[PDB]
Amino acid sequence: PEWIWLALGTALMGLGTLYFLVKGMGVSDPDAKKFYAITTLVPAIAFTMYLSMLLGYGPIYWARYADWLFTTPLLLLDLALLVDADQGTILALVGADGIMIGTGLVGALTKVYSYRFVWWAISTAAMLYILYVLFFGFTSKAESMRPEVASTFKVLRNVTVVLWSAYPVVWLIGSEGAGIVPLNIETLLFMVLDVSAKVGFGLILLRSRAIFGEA
Amino acid sequence: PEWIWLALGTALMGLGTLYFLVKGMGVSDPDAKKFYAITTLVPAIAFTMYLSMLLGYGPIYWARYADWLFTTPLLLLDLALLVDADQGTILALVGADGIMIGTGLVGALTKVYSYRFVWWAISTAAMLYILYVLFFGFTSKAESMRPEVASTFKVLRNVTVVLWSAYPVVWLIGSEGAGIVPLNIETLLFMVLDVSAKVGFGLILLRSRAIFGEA
Amino acid sequence: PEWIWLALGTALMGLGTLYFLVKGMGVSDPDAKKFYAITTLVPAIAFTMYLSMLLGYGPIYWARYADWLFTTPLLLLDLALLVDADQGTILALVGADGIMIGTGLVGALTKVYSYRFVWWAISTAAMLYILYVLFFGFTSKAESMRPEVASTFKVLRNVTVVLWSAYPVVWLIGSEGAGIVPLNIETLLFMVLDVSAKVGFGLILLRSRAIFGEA
Ligand SMILES: *C/C=C(C)/C=C/C=C(C)/C=C/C1=C(C)CCCC1(C)C
Ligand SMILES: *C/C=C(C)/C=C/C=C(C)/C=C/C1=C(C)CCCC1(C)C
Ligand SMILES: *C/C=C(C)/C=C/C=C(C)/C=C/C1=C(C)CCCC1(C)C
């Protein structure tokens, strides 16, 4: 049953945003304030999205794609700011991201596997672009920061590249591809990916000192 | 009849944007330019929104929520810039705001009062968050500005906290709550709130000297 | 037949984004990076939009307006950054732009010519506002830049004011106005306008030295 997977997701996202809110209450360093604000909004949004999916009962799920659409940009912003990335490259990441999600929604809404295949390819190309920049460009840029920031980025980088790559694969084994995995399980896996990519990521970032200004 | 309430709203928003446009024509100070641009766009958008509601004849009103969705962020930006608020806190205000409106639209589109109640609660929590930051954080921040800017902010702060709080209450006495107030009146009250919160706010801000750079 | 007009558009937008991507691969100057990122995203988005129109077969076209909605803002950003335009004026351009497109979509979705006429007027007023600022304000601002940047802007300015003005006229001879031009031709003309206003504009900008920082 999906309701219990959607119930838990709603819970963990809600708990994570609450916890993030508590830990950030007494933060004066403006650098940290941005990270807290950015990072707390991500899971705050997924929260409302999962709640709508939970109350939704009574395939295709717009809430699932809207969540991704609004939250992925903030996630990259976190990484961007952490490494003091250039505005152009930041703008390129978000645009590529917006394309990755929008394009993936069209595929989901398409019937002809052939067509869906094209949308899937464009989406994955967009994701690979984003990951490429995260793994390489950002790592080099992160090399000019104090070790504390460099190492925190590396962890977030690894977790992000890995977790993000699993989405199209989970999407592939679901109903839009090799129909191996039933709906409830598909919902579960995406839930695990969503909590980890948002709350997991947030814990890693908001617990480190990296969110604090340097010199 | 709602048409005459929707007709007036269209008129006042249109007149306000026209007036704002005239007063800003000869402005060189870049600080003032931002305030004029920001402030003039708010009522320019509501204008087109009310016009669609007026021509719409021939409940539920998407134009009403889209107006709020696009304009509330700019309104907070005005206050944010006036007090030189931090980027993180600005980003947190807009996100909370986006959540407040989106969440309120889902409630409006929900049938089960129970469900609608939850959406209402999340929305009001988001608004209270925004107001909390406006009344306290911004006031402290406003304390570091010349008296002219400090006092103009206080007025906008008061008018905003008061006017904004009336929305959920008006929403409550309408058809989604205690069905005490009929449709035409509901439309009227929201119109009065919209004109005051946009044109009223604009007059207060664009007439003061606060919009001008300091040192 | 529209498919071949929509097929070519998909091709030219795709080729342009590919070419833009190649030329920008080895760019370190952050000034140039922004221009490449901004400029490459515009045609990358139109690409996916035209592809959906092409695969769409199997009037009214949302993809056509969404393309414009998401891409016109970036186009103005290019011009804005090139002339180091003020934030307020940038914010005013995008808002006016968002209004121009949204308002034009409502007109297209309206049946009563009379109503459609009003939407058309508001949209054209918004465009004239944008052009007015581009031709005058930006030109003056461009006068404070080295001749290389001044002259590149002038060309983009001319091409933009001319190409953009042709849209409402093409819209006028189509089915929402003087039904002189059939659908396939209408689609063709808009395609020519889209490729020129995006790829054409991009070639002009990304080939010049203007995208490089100065002092
Ligand atoms: C909080 C949510 C996160 C981090 C979501 C990330 C999502 C992706 C990387 C999704 C990618 C997809 C493709 C590459 C193609 C197939 C469809 C998608 C949308 C699942
Ligand atoms: C120009 C429009 C303005 C200033 C609108 C402000 C709107 C709000 C503060 C709306 C709040 C609502 C709730 C808190 C819950 C119930 C539903 C809403 C959307 C009316
Ligand atoms: C890449 C696309 C570009 C540059 C599109 C530009 C579009 C316009 C200037 C459209 C204007 C319109 C009006 C002024 C009124 C009638 C309807 C429109 C949307 C065609």
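What you see of chain B is 21-78, 90-246, where the numbers are those given in Swiss-Prot.
If you're wondering, the header gives X-ray crystallography, 2.3 Å.
Positions of Cβ are set from backbone N, Cα and C atoms, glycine also.
Here is what Swiss-Prot records for this protein:
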TRANSMEM  B:23-42  transmembrane segment
TOPO_DOM  B:43-56  topological domain 'Cytoplasmic'
TRANSMEM  B:57-75  transmembrane segment
TRANSMEM  B:93-109  transmembrane segment
SITE      B:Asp98  site 'Primary proton acceptor'
TOPO_DOM  B:110-120  topological domain 'Cytoplasmic'
TRANSMEM  B:121-140  transmembrane segment
TOPO_DOM  B:141-147  topological domain 'Extracellular'
TRANSMEM  B:148-167  transmembrane segment
TOPO_DOM  B:168-185  topological domain 'Cytoplasmic'
TRANSMEM  B:186-204  transmembrane segment
TOPO_DOM  B:205-216  topological domain 'Extracellular'
TRANSMEM  B:217-236  transmembrane segment
MOD_RES   B:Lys229  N6-(retinylidene)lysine
Quiz item: If one measures from the C-alpha of the residue listed as 'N6-(retinylidene)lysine' to the C-alpha of B:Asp98 (site 'Primary proton acceptor'), what distance in angstrom results, rounded to a whole number?
Solution: 11
Quiz item: Residue counts in helix (H, G, I), strand (E, B) and coil for the topological domain 'Extracellular' (B:141-147), per DSSP?
Solution: 4 helix, 0 strand, 3 coil
Practice problem: Using a Cβ distance cut-off of under 8 Å, indicate which of B:57-75, B:93-109, B:186-204 has the most pairs with the transmembrane segment (B:217-236). | Solution: B:186-204
Quiz prompt | Å between C-alpha atoms of B:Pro90 and B:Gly78, the residues bounding 11 unmodelled positions | solution = 14
Practice problem: Select the range from B:57-75, B:93-109, B:121-140, B:148-167 that forms the most Cβ-Cβ pairs under 8 Å with the transmembrane segment (B:186-204). | Solution: B:148-167
Practice problem: Taking the Cβ of B:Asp98 (site 'Primary proton acceptor') as the reference point, list residues of the same chain whose Cβ is under 8 angstroms away and which are at least six residues distant in sequence. | Solution: B:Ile65, B:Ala66, B:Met69, B:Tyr70, B:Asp225
Quiz item: Among all the protein chains here, how many other CB atoms are within 10 A of the CB of B:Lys229 (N6-(retinylidene)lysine)?
Solution: 28
Quiz prompt | Tertiary contacts of the topological domain 'Extracellular' (B:141-147), as residues 6+ beyond its ends and Cβ separation under 8 Å | solution = 207
Quiz item: Looking only at the topological domain 'Extracellular' (B:205-216), what are its DSSP counts of helix, strand and coil residues?
Solution: 3 helix, 0 strand, 9 coil
Quiz item: Where else in the chain does the transmembrane segment (B:148-167) make close Cβ contacts, counting only residues six or more beyond its ends and a cut-off under 8 Å?
Solution: 107, 110, 120, 123-124, 127-128, 130-132, 134-135, 137-138, 141, 188, 191-192, 195-196, 198-199, 202
Self-check item: Same-chain residue ranges lying at least 6 outside the topological domain 'Cytoplasmic' (B:43-56) that approach it to Cβ under 8 Å
Solution: 109, 112-113, 236-237, 242-244
Quiz item: Who are the long-range neighbours of the transmembrane segment (B:93-109) in its own chain, taking Cβ under 8 Å and residues 6 or more past its ends?
Solution: 55, 58-59, 61-62, 65-66, 69-70, 72-73, 76, 121, 124-125, 128-129, 131-133, 135-136, 139, 161, 165, 187, 191, 221, 225, 228-229, 232, 236
